[PDB]
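No lab work stands behind these numbers, since they all come straight from the coordinates. Neighbour counts run over all protein chains shown; Cβ positions are idealised from the backbone, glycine included.
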Amino acid sequence: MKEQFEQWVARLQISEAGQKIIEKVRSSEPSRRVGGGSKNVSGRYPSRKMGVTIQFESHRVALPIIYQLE
DNA sequence: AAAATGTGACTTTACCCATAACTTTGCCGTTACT
């Protein structure tokens, strides 16, 4: 898993700080839990690409993009 | 930091079909008058 990411970085020549951000994003829990708010149907979706639960604030705005990406 | 779910089961009008209990008419018989 780490070797393929390292080859990805080498192929795209991402800088040291860019690699640092990518590594931090890869290994970190989400910053904030999605809140219900007042007008958005929120929740979580199981993704087999990542293989985890991904949180969407809006089921008709962010969730379609999540479906595409999955 | 934020889009984007009202339903549907149980009531209430609303119009039509049927018939009672009278008014509303024409039509003809009768009669006062000319």
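Count the net charge of all other residues whose Cβ sits under 14 Å from the Cβ of A:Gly36, scoring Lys and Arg as +1 and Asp and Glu as -1.
+3
When we measure straight from the Cα of A:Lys24, which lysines land under 30 angstrom away, once same-chain ones fewer than 8 places off are left out?
Cross-link targets: A:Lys2, A:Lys49.
A:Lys2 to A:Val34: FRET efficiency via 1/(1 + (r/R0)^6), r the Cβ-Cβ distance, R0 25 Å, to the nearest 0.05?
0.30
How large is ³J(HN,Hα), in whole Hz, for each residue of the range A:35-41 in order, when computed from phi with the Karplus curve 6.51 cos²θ - 1.76 cosθ + 1.60 and θ = phi - 60°, using x for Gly and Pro?
In residue order, the calculated couplings are x, x, x, 10, 9, 10, 7 Hz.
How would you order A:12-18, A:52-58 from highest to lowest mean count of nearby Cβ atoms within 10 Å?
My ranking of the peptides, most packed first, is A:52-58, A:12-18.
At 4 °C and 1.567 mPa s, what whole-number value in µm²/s does Stokes-Einstein give for the translational diffusion of chain A, with Rh from the Kirkwood sum over Cα pairs?
It comes out at roughly 91 µm²/s.
Take every Cα pair under 8 Å in the range A:13-70 that's 6+ residues apart, average their separations, divide by the length, and report that relative contact order as a whole percent.
23
So what's the angle, to the nearest 10 degrees on a 0 to 90 scale, between helix A:2-12 and the longest Cα principal axis of chain A?
In chain A, helix A:2-12 runs at an angle near 80 degrees to the longest axis.
Is it possible to state the helix-based mean residue ellipticity at 222 nm for chain A, with each DSSP H run of 4+ residues giving -39500 (n - 2.57), the sum divided by total residues, to the nearest 500 deg cm²/dmol? What is it?
Helix contribution divided over all residues of chain A: -12500 deg cm²/dmol.
I'd like the orientation of helix A:16-26 relative to chain A: the angle between its Cα long axis and the longest Cα principal axis, in ° from 0 to 90, rounded to 10.
For A:16-26 against chain A, the angle is about 40 degrees.
Give me the number: length gained by fully extending A:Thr53 to A:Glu16, i.e. 0.36 nm times residue separation minus the C-alpha to C-alpha distance, one decimal in nm.
Net length gain for the segment: 10.4 nm.
Using Cα positions and a limit of under 13 Å, work out the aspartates and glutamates in reach of A:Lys39, with same-chain residues fewer than 8 apart set aside.
Filter leaves A:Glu57.
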